[PDB]
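In: Pasting the sequence and an experimental structure:
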Amino acid sequence: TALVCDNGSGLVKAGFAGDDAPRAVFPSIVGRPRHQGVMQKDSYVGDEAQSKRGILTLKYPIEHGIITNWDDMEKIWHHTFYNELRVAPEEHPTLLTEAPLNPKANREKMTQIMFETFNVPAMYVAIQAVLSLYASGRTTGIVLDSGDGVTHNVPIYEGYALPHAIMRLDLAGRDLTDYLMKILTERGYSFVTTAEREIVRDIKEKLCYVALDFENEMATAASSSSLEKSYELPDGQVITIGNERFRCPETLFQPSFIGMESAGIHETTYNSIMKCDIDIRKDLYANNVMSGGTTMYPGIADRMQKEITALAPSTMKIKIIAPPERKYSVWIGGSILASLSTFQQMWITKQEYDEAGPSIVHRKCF
Amino acid sequence: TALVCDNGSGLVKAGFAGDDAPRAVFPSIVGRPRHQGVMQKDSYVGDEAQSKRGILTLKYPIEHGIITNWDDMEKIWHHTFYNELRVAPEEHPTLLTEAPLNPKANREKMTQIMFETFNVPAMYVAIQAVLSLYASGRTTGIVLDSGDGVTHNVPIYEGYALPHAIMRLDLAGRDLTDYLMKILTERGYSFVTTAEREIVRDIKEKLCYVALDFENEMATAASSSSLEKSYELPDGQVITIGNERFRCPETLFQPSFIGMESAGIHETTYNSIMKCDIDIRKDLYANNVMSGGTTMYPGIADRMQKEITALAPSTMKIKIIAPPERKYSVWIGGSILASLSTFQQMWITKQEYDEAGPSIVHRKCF
Amino acid sequence: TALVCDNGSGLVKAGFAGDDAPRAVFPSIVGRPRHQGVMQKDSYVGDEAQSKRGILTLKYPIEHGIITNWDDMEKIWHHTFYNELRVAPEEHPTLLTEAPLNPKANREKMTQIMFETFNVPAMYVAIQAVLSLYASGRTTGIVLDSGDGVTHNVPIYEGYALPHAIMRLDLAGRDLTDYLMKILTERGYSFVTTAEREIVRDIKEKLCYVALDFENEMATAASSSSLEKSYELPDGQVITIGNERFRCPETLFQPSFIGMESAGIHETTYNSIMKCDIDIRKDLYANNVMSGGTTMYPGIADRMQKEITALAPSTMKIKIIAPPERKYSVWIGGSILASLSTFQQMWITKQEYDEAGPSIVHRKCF
Amino acid sequence: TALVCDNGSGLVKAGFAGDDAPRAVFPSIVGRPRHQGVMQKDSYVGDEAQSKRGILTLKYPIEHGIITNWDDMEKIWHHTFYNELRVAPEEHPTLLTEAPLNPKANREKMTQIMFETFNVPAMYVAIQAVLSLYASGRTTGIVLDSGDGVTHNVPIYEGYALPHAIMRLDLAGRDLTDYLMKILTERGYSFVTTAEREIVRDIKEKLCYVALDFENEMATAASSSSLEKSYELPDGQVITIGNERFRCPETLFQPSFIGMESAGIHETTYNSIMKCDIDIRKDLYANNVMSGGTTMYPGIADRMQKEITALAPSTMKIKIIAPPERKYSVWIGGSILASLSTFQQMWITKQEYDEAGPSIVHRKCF
Amino acid sequence: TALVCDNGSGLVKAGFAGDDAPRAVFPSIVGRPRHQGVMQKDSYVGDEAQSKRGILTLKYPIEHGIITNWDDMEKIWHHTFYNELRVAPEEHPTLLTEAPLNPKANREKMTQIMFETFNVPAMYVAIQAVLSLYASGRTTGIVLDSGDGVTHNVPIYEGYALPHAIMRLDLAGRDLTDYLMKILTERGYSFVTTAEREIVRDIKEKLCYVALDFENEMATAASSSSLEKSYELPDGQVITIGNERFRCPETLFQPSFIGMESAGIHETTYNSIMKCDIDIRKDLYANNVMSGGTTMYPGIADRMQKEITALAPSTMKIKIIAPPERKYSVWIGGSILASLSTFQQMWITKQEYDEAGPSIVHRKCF
Ligand SMILES: Nc1ncnc2c1ncn2[C@@H]1O[C@H](COP(=O)(O)OP(=O)(O)O)[C@@H](O)[C@H]1O
Ligand SMILES: Nc1ncnc2c1ncn2[C@@H]1O[C@H](COP(=O)(O)OP(=O)(O)O)[C@@H](O)[C@H]1O
Ligand SMILES: Nc1ncnc2c1ncn2[C@@H]1O[C@H](COP(=O)(O)OP(=O)(O)O)[C@@H](O)[C@H]1O
Ligand SMILES: Nc1ncnc2c1ncn2[C@@H]1O[C@H](COP(=O)(O)OP(=O)(O)O)[C@@H](O)[C@H]1O
Ligand SMILES: Nc1ncnc2c1ncn2[C@@H]1O[C@H](COP(=O)(O)OP(=O)(O)O)[C@@H](O)[C@H]1O
Ligand code: BEF
Ligand code: BEF
Ligand code: BEF
Ligand code: BEF
Ligand code: BEF
Ligand SMILES: [Mg+2]
Ligand SMILES: [Mg+2]
Ligand SMILES: [Mg+2]
Ligand SMILES: [Mg+2]
Ligand SMILES: [Mg+2]
């Protein structure tokens, strides 16, 4: 059986091809002690680093889909194979994922590590948005995947990708967390350390939602208090947040909140459709597929429906497809792809890698 | 029973001899993917290529009645026999059509393919304008056939053709479509790709008409807006066109609009009549038969009537015969001819082709 | 004296008729602050917007030769007359330029602004490729003008234009800049904002060249490092690019690199010649005139020479005329035309415009 | 004339707009007797509390730029207006200051007290780092202000602020004083009470300096005794300190000395520049403006110059601007701003406050 | 086997590593005759000085954890090795203890005496609060150790110490004894000499307790006499004390009783927890470990539980761990540490001390 590992900027999703859900889902963090030991491990990975985060400095080795710390990324892969899956890497072909429009050296160095450090028999690097379309059981649609580091649009029609219409935005979940940390100081709550950033991320996942009409929601939160909710910190302190609940996800539709010049995810989706041939736009309008953890905000599908309907012609039928399991769509699609009998010819074996060099990994890639 | 296949520059009309209408009518196009497949057929033909045209490059293998791409033309014949008619070619004699004054190698290579690739028992290549006269139930008349690639005049008197009065013009429907694409840029509408050319062709067939008086119509369209009509694009966008509706078909009467030096179809018809013997001109004036898709514009028979009346003597009775089914006149006439008991001696059998070479196909031909 | 203003998609070229070079050459941009002022002008134009681009959102009011933002285009004309030329518009007749096959409303609204906002005494809108032939001192030749927004071919023979052989391609310098931004992400360089697009444009103008043989050049850049060059960013960072230097201009000859279906500039030039009368093709083959900033790549004349020689008959003499000042050929030709005594009758005066309406501006136009 | 009051965490700087220096500079402390009176005022403020600190418990009402004790903060404002300036608050508009990223209720409650307790005619709360740029006579630069409670970086370019690049660190002078108290116990000196903390603060301001190379300085202080200096306590005891002189200010560059996870002021300045647009970084590198009392250590400008030069590209010109009067830069800039004729429209009058509520005070604020 | 010597300000605890209790526990006093001998030893140490205290002046060589009289401290170490343990110092490695935040010269001079006067083979100076956590069998908790001279809080999480949250208070048992001597004069009991201070210390250890509610206890002692207890002096006189029983230990929670400005041990514990990372506070709240003789008052754990519960959030579980043997926790923990096989590498041998100087003793120290 094959291994399917979706190495996100925020979460590692790993498991075996053929399963319906990832077996191991843990944060993609490496923690190191920042104080002084007197009574000890040198570094902690994943959920272990999360439970000891009070005395650790937490580091993400992947920033915006790009692996920045290769020594820490190797610890995460080692932790995934031996501690989470309890499997031998040299026995299973490994399907990895990557964001589109990544640097070419990122995929080449990832292939060298899988072949020379873990000695996998074969491997393959897929494009994440293509796997998301496999998970939804579709051959046509424009995928909006938004994770912790990358937001990208990839239109696909009848199984053919349109690489020249691919959009990529370096605004995702981690940028929303940093923005929530900033606007929480308006109420006197100060989250500074990397461990406290994990607390704000948990606040974001529990209380934040997307307002259908932002300016109408801002007036409601300013008049009454029915939108305010409480949250208990790990030390028992209770904080209360009001309009911060929908101001944080609003950055997805107004990236100028964090000083970015780019357009929101609704305009980016519409611009990607308008770059496609006029004869496929009707099918793309009816098959907007959302995937990734950042699409899990309550009300984001209704907001995307409203914003794209206002941009598209009135006779087009806009349909946002947001299944409940879309947070793992990339992994689920990779599990379906790695189980296809037609796919078994696309594995890049160790023998082919020794005779073709690193350039063999850049095929069917964009 | 015999097969009747009218392979036009734009449409394939195929069916069985004895029927009243073609069984299979589909565009004579071959489409190939122009992007990149990630999730597939290599090429699509006819209506299948039309429905997937958003991700295809569309190619017409026939240009101006002349087969240019023989590999693609073979795919269209294969698609016609096995996908559209669901018939075995080696069981039916096949009546094919051709425009007059075509290159001799076009008919010879078409005969070699029918005998050696499809192994038809017998075949025959008829002249299209002669079949149009069969469809109208006439033995005398001058036929003006205008399709997608060729416009030609053929006078026939009491069953005798006058080959030396045959006119041929390489201005037809596809040239009007390209001209409509050009003058639509005046309103800011940009159709460039081969898939968008199919959209303009649909605009032409829905909204374009022939003005009875062109300069009087240009003044009306410049003064008011009663001639403007809207059209909804496949993606929901609505375009509005005014004088482009009658400027496009006006090219048939003023070929200088597209830079051609030739005379319009009315002058070409009159010149063909004036090259005929003076004793048959009265019968030709009263039997102007129009056929083909490009004669389907509203008001073209009234315009032809007016233009030829102004050229002919005042005592001649000009009569334009334009039946409602004239878009399939060539096929209907070929269905009548292939069902005649007198015609059964004109079949070129496979045995006669092996003993006489390709030169046997050039009999009763011009 | 007359004003000659070449309003390109990328650069404004303005000056006085009779001069040898434009007096004012500045980018056709309008910048507006995108942050928040605390210590201010509302908008900046041209070189002023270029020097402050770090805190501005830069907007081009002309896209593909078509004016899209008329309020911003009016700011550019105002900046041209009063800040760059320091002249009174109501004292000089103004010769403007336009790309062929533009929407008719573009030229009409441009005439209304010049007569009612700036109150010019007279004006005239010339066709750019015709002016390029004036600059080269020729009466016969096929002009390939490629600027920031439009690439077009216009054949002219003995002073007569052939409008039905005019080609227009919406692929020019700005599309090459966007493609260079895309393929620079392969090396981990991320240019996203409109200000960073100006940096990539500067990279393109300094380092990009046209390879004589593309596939042979790709093998050289993949084997060694002699083609790699460094470039210092405004903040002191040094980037290094290799095959991106010739992959970006290769899009001119292979528009499928950016997903366009059209043919390259060499095939478009050859197709335009083949649409012309056979008796003028020999003179067009020997007078290929290149103009515009996008024809300034090193090696593009040698590549065009090689590609057209491979398409034309072996006995034809292909000659590419590429003078060193061809980046301003449209302006230089407009300066020659506006100084001709024969041209002084073609000025459209304010009095003629009030009595003939906007339709007077569509004369000698295509 | 207007009042300019810079209420710092450590010092109150108050005076009149138009002057060159604050008229009243006193510690922002409230002292209350902690023993028992037998022979009396209930509380002492400022320099009076400083001279009687032996029998007082000293309290700072402002912690890390945030007013914590509003009853004590009201005593300080009352002491400022009536005892230090000898002025009537209801006759002068008052310009107050605040650190960026403060809680919103801090500025709202400060406005309510100025309007309802002191009945000022108008008021305005400025951002401190913006005023520091006014004092230096610049429109572009990144300000590093470090006082007693807050250290913050604010980049400004051509008069436009970049709020999304603003850094704030809760490490300043009071944290260095507490760290000096801790490391003085290594030599057997025990400072515990709030009155003795004022003695350590005086030691810090007299003897502490920033080492150019910390590890090289630690080796010199460990080998000889040329770095040791003596200090006479208020009771005549003489203490001698060696490497504590530069270990205390080193916390600014290594916040891990006091257990903070954040980066030093040099890395924070460089990170703030790298978050800004690439086109403004060159101007920010050349205009590093330092302000506040914590930037008054000898050798801190040379150390900042060295640390940022090691982080920035080698071709950038790093220039630290540290004027001798930078300890009062916020007040001096507020004195310049309150004297501008353009600023007289930004006063928030008492009438506007009664009709717009407390929300009017959050304009041009971050 | 190793020697474990806990040299407190009040008691010497000495024994061998591996044992469960100290073998020698005696007061850390040196007594010298203060009258005139007529019928004799020059000085007495420990229990011998205690039994002859009537004719001696008693001196403590350690004040507030700091060795003040080095000649007398050497007599105590000599008495410990040769009279109490009857052991040869040059045969056993010696584990010594020290309070945190002590002067550096205290530990250096103690190391020089152990190596040059007693010629121990190896030695090590541990931090007392860390040893207290070893004794309780915990890896996480905040230790409140209160002896005769020093009270300090040290939080430890999962074996990692947080030195920047360490509190130290120079208020312990000897200050409570001096306060009891003062308030006993209210009943006419006069204890003045150093020998009578030992009697008051015995009164404190027998009769003093911590009141759960101080003001409610003061009302009970003022209304009735059920809280009064008698104590027989060495000469047969019987004294009776009432509210002095709980007023003396109340100084631990209200240090202002003896004129100290610091906060009580409950506020100091809570402040130390609040300086720690928010993610470890829940574990520190549940693991408050008390050690030392001054934590042996009846009712001090219930009072600490009540005071910290009133400061902490209501959802936190406050748990005070006070084992019955906590008066020797530092020694018991040092006996466990010196018996660990992992610790045998941390011994500072005499050879390492001769080659590294006194600076080797400051490792893993704060
Ligand atoms: N219920 C939720 N609501 C909002 N955001 C969520 C939710 N669950 C997860 N996220 C966000 O999704 C991001 C990561 O999701 P994922 O798609 O796994 O990203 P990646 O694949 O890049 O690691 C995190 O930043 C997290 O904050
Ligand atoms: N209703 C219509 N009005 C105008 N043109 C039409 C109409 N229907 C078909 N056509 C044109 O007729 C042309 C093809 O007709 P046809 O006679 O089948 O040509 P061919 O036989 O050469 O394929 C096409 O170019 C199409 O645009
Ligand atoms: N040396 C050069 N090499 C390549 N491209 C260039 C060079 N100089 C200018 N260009 C390109 O030419 C384009 C604009 O030239 P121009 O002919 O003025 O266009 P327009 O007239 O449409 O404004 C710009 O996109 C610019 O990038
Ligand atoms: N010469 C000096 N050297 C070092 N630190 C100084 C000096 N003078 C003042 N300080 C420190 O500056 C801090 C306060 O300066 P200031 O900028 O007024 O802060 P705030 O505005 O927050 O009150 C105090 O903590 C003080 O210790
Ligand atoms: N039962 C008790 N109740 C109250 N205090 C006690 C009791 N037993 C001992 N003490 C006090 O504990 C102090 C010394 O204990 P210890 O922890 O050994 O201190 P050190 O280690 O500093 O010598 C003495 O001041 C003594 O008065
Ligand atoms: F890396 Be995640 F998918 F943004
Ligand atoms: F080929 Be069609 F009949 F013009
Ligand atoms: F507008 Be440029 F001439 F392409
Ligand atoms: F409050 Be100070 F300016 F740090
Ligand atoms: F010296 Be004791 F432990 F207070
Ligand atoms: Mg992902
Ligand atoms: Mg036909
Ligand atoms: Mg141009
Ligand atoms: Mg300040
Ligand atoms: Mg002790």
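Out: Cool, got the structure. Numbering: from 1, shown residues only, chains lettered A, B, ... in the order given. Ligands and ions are numbered 1, 2, ... in the order given.

In: Would you tell me what helix or strand the closest residue to ligand 3 within the stretch 1-150 of chain A is located in?
Out: For the stretch 1-150 of chain A and ligand 3, the shortest gap (Cβ to the nearest ligand atom) falls at residue A:101, measuring 22.4 Å. Backbone N, C-alpha and C define where each C-beta goes, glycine included. Taking DSSP states H and E as the definition, residue A:101 sits outside all helices and strands.

In: Any residues of the stretch 251-366 of chain A in contact with chain D? List them.
Out: Contact residues (Cβ under 8 Å from any Cβ of the partner chain) of the stretch 251-366 of chain A with chain D: A:258-259.

In: got it, and the stretch 1-150 of chain A?
Out: With Cβ under 8 Å from any Cβ as the criterion, the stretch 1-150 of chain A meets chain D at residues A:34-35, A:57.

In: Filter these down to the ones in strands?
Out: Among these, the residues falling in strands (DSSP state E) are residue A:57.

In: Tell me, how many residues neighbour the residue of the stretch 201-350 of chain A found nearest ligand 7?
Out: The minimum distance from the stretch 201-350 of chain A to ligand 7, using Cβ to the nearest ligand atom, falls at residue A:279 (24.6 Å). Residue A:279 is flanked by 23 other residues according to other Cβ atoms under 10 Å in any protein chain shown.

In: Now residue A:5: closest residue in space, sequence neighbours ignored.
Out: Computed as Cβ to Cβ, 6 or more residues apart in numbering or on different chains, the closest residue to residue A:5 that is not its neighbour in sequence is residue A:14, at 4.5 Å.

In: Now residue A:77: which helix or strand?
Out: In the assignment (DSSP H and E), residue A:77 maps to helix A:70-79.

In: cool, and residue A:179?
Out: Residue A:179 is part of helix A:173-184, with elements assigned from DSSP H and E.

In: Next, the buried residues of that helix.
Out: The neighbour-count check on helix A:173-184 (16 or more other Cβ atoms under 10 Å in any protein chain shown) flags A:173-177, A:179-184 as buried.

In: For residue A:166, see how far away the residue of the stretch 201-350 of chain A found nearest ligand 13 is.
Out: Going by Cβ to the ion, ligand 13 is nearest to residue A:275 of the stretch 201-350 of chain A, at 24.2 Å. Using Cβ to Cβ, to the nearest Å, one gets 9 Å for the distance from residue A:275 to residue A:166.

In: out of the two, which sits in the busier spot?
Out: residue A:166 (20 against 16).

In: didn't the more buried one look like it was pressed against residue A:156?
Out: No: the pair residue A:166 / residue A:156 is not scored as a contact, 10.2 Å apart, by Cβ atoms under 8 Å.

In: Take the helix or strand harbouring residue A:14, keep the C-alpha atoms, and write them as PDB.
Out: In this structure, residue A:14 sits in strand A:11-16 according to DSSP H and E. The C-alpha atoms that make up strand A:11-16 are tabulated as PDB, following Å, rounded to 0.1, in the frame of the first residue of the first chain:
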ATOM      1  CA  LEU A  11      -1.100  20.500   9.700                       C
ATOM      2  CA  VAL A  12       0.500  17.200   8.700                       C
ATOM      3  CA  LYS A  13      -2.100  14.900   7.200                       C
ATOM      4  CA  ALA A  14      -0.700  11.400   6.700                       C
ATOM      5  CA  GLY A  15      -2.200   7.900   6.200                       C
ATOM      6  CA  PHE A  16      -2.500   5.000   3.800                       C
END
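
In: just the angle between it and helix A:70-79, please?
Out: 40 degrees (axes from the mean of the first three to the mean of the last three Cα atoms, to 10 degrees).

In: which strands and helices sit next to strand A:11-16?
Out: With contacts taken as 3 or more Cβ pairs under 8 Å, 6 or more residues apart in numbering or on different chains; DSSP states H and E, strand A:11-16 sits against strand A:3-7, strand A:24-27, helix A:329-337.

In: what about stretch A:54-68, distance to the chain center?
Out: Taking Cα atoms, centre = their mean, to the nearest Å, one finds stretch A:54-68 lying 14 Å from the centre of the chain it belongs to.

In: how about the helices and strands packed on strand A:11-16, which one is nearest ligand 4?
Out: Each of the helices and strands packed on strand A:11-16 has some distance to ligand 4 by Cβ to the nearest ligand atom; the shortest is strand A:24-27, at 37.8 Å.

In: Alpha carbons of the closest one, in PDB - could you do that?
Out: Provided in PDB are the C-alpha atoms of strand A:24-27 (Å, rounded to 0.1, in the frame of the first residue of the first chain):
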ATOM      1  CA  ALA A  24      -2.200  11.000  11.600                       C
ATOM      2  CA  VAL A  25      -3.200  14.700  11.900                       C
ATOM      3  CA  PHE A  26      -0.900  16.800  14.000                       C
ATOM      4  CA  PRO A  27       0.500  20.300  13.800                       C
END
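
In: Can you tell me the strand partners of that strand and which way each runs?
Out: Strand A:24-27 has the following sheet partners, assigned by DSSP bridges: strand A:11-16 (antiparallel).

In: near ligand 11, anything from the partner strand?
Out: No: Strand A:11-16 stays clear of ligand 11 (Cβ under 5 Å from the ion), getting no nearer than 7.7 Å.

In: And for that strand, what's in contact with it?
Out: For strand A:11-16, contacts defined as Cβ atoms under 8 Å, 6 or more residues apart in numbering or on different chains pick out A:1-6, A:21-28, A:46, A:76, A:80, A:84-85, A:92, A:147-148, A:293, A:328, A:330-331, A:335.

In: just to revisit the earlier point, out of the buried residues of helix A:173-184, who's nearest chain C?
Out: The nearest member of the buried residues of helix A:173-184 to chain C, counting by Cβ to the nearest Cβ, is residue A:175 at 13.6 Å.

In: My guess is that closest one contacts residue A:251. True?
Out: Yes: proximity of residue A:175 to residue A:251 meets the contact threshold set by Cβ under 8 Å, at 7.2 Å.

In: what do these two both touch?
Out: Common contacts of residue A:175 and residue A:251 (Cβ under 8 Å, 6+ apart): residue A:258.

In: thinking again about what came up before, between the helices and strands packed on strand A:11-16, which gets nearest to residue D:230?
Out: strand A:24-27 (53.5 Å; Cβ to Cβ).

In: Go through that closest one and flag the buried ones.
Out: The neighbour-count criterion (16+ other Cβ under 10 Å) identifies A:24-27 as the buried residues of strand A:24-27.

In: In the record's domain split, what are the boundaries for chain A?
Out: A:1-29+A:62-125+A:328-362, A:30-59, A:127-172+A:262-323, A:173-258 (CATH domains of a matching chain).

In: most tightly surrounded among these?
Out: domain A:127-172+A:262-323 (a mean of 21; mean count of other Cβ atoms under 10 Å in any protein chain shown).
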